[PDB]
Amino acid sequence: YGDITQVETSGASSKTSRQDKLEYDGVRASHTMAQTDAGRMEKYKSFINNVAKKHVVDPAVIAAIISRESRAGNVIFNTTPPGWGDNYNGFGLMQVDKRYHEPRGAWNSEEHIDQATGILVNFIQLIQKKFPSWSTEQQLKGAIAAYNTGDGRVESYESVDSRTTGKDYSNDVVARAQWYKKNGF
């Protein structure tokens, strides 16, 4: 579905980077946030690899979404019931939005990861349809934006993140994925 190492990215916005108490922004900040979450990410290795196998999606991209959405469970583990964000609209490691699908599995489960990754594959399919002449890597970035904001609010490649949370959702997730790809977890 597109080589993650070839997607262009400006990383995290200043807003997103400040929330992590970082003095810098951009791709360096995305690398730091991915790194911070890498130890927790190890817990989900078997699930991430299985799901990546089934869907033909780079595990680094799954790990990047898990890091962006819940910091590998660190910001969601202690809700009642556990696993919720936004507040009580997003569920699980990858924050499946309950308004659009029934959230399946335990919050930290393989079935949850499988659903959330299938949802992303849905968006790849829709972005491929909407922008058939975009490059395969451009399509992948648009799909990641649409996971956050809906394909209805991905309007151009240059403004792909303009209507996302932090105005940097796909740029940040992409740079985190490039970090996990290079470094592993």
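Numbers follow the displayed sequence, beginning with 1.
The stretch with the higher mean CA B factor, choosing between 82-90 and 105-113, is 82-90. Higher average CA B factor: 150-158, of the stretches 119-127 and 150-158.
For the set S14, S10, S170, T165, the maximum C-alpha B-factor listed in the entry falls on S14.
Among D37, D58, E69, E42, the highest C-alpha B-factor in the deposited entry belongs to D58. The entry lists a Cα temperature factor for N50 that places it in the highest third of the chain's modelled residues. Ranked within its chain, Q139 lands in the middle third, by CA B factor from the PDB record. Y180: CA B factor lies in the lowest third for its chain, per the PDB record.
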